[PDB]
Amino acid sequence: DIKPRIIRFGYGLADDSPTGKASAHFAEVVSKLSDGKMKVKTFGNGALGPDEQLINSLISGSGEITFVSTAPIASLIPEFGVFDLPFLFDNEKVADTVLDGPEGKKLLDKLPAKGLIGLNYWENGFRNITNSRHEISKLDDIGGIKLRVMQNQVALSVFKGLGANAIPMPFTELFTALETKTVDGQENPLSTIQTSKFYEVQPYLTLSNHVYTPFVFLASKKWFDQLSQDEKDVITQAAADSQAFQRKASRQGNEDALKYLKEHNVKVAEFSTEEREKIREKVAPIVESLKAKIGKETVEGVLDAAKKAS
């Protein structure tokens, strides 16, 4: 029961990013599993707008598939704000375990009420601080830095508490704001810093790995529900295949990215063990207040699953 369909897949990152190549890989798998009847068209690099617009496109049905960071979803479902808390996951293996486990599914299950199907989680990654004003190797260096953040009360509160002037902006506007120094800097994973070319206008990189961002791989519930079960099965099966492809490609891209940023002579700093301690204690009281905005059951449950995974 598989009829010809044309399926629109917009996203924010560059086509050459690991997740952009995973998007093409998803397109290829969907076609294979449907004998060429289901054809995914990808529109990368923000061609169909930033995350916030992609989410709305899926709700309304102008788009079929996207991947977005969890932060913008907090505007619909506050519990998704949990992943903007710093230092939640020690490594990617903890993240996978938690996201693919009951605490991750509890959140994905909140999406149909809002018109969305969370097919699964993909990896955006550990985020690192880039700027153009000065090296950031100490908590103190963050003070008064005009830092773009993702558009969520949790991101804004955390970085304001670390002393920065936190400027929420959509990702599609970020490059020009860095280039024009309307903002001093930003924080993203290395392979995004590379493939969106932020390093061209950001001479400083700090390997802070301060937050882990999941992507949600999403379908429009309106569109998905009118598929036949055989058609749904092509999508979910392709999504499981692409999740594994995406996570491997993300991790390898993270390694290639640091080399390219290094071998390209970007100035890379780290936070000391001590400075990282200072960071955690500055954020502690703010994380505690944000629980009320996120959802105390979600924060505590994610922390407990992270602990057992770890």
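When you see a residue number, it is the position in the sequence shown, counting from 1. In this text, rigid core is short for the largest set of C-alphas that superpose within 1.5 Å between two forms.
Greater root mean square CA deviation, 260-268 compared with 58-66 in 4 other deposited structures of this protein, core aligned: When 260-268 and 58-66 are compared in 4 other deposited structures of this protein, 260-268 lies farther out.
* To do: Read off the CA B-factors in the entry, average them over 96-104 and over 220-228, and name the higher stretch.
  => The entry gives the higher C-alpha B-factor average to 220-228.
Decide which of the stretches 231-239 and 149-157 has the higher mean C-alpha B-factor, going by the entry. Mean CA B-factor is higher for 231-239.
Going by the entry, which of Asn165, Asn120, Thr213, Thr192 has the most elevated CA B factor? Highest CA B-factor of the listed options: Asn165.
Notebook entry, point to check: Quick one: which of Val268, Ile65, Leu48, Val283 has the biggest Cα B-factor according to the entry?
Noted result: Among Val268, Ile65, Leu48, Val283, the highest C-alpha B-factor in the entry belongs to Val283.
What third of the chain does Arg127 rank in for C-alpha temperature factor, lowest, middle or highest? Answer is lowest: the recorded C-alpha B-factor places it there.
* Please place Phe245 in the lowest, middle or highest third of its chain by C-alpha B factor as given in the entry. => For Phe245, whose C-alpha B-factor we compare with every modelled residue in the chain, the answer is the middle third.
message = Quick check for you: using the entry's CA B-factors within this chain, is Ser31 in the lowest, middle or highest third?
response = Its C-alpha B-factor, which the entry lists for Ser31, ranks in the highest third among residues of this chain.
Considering every modelled residue of the chain and its Cα B-factor in the PDB entry, is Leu58 in the lowest, middle or highest third? For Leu58, the deposited C-alpha B-factor lands in the middle third.
Task: Assigned third (lowest, middle, highest) for the C-alpha B factor of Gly143 - done: Highest third.
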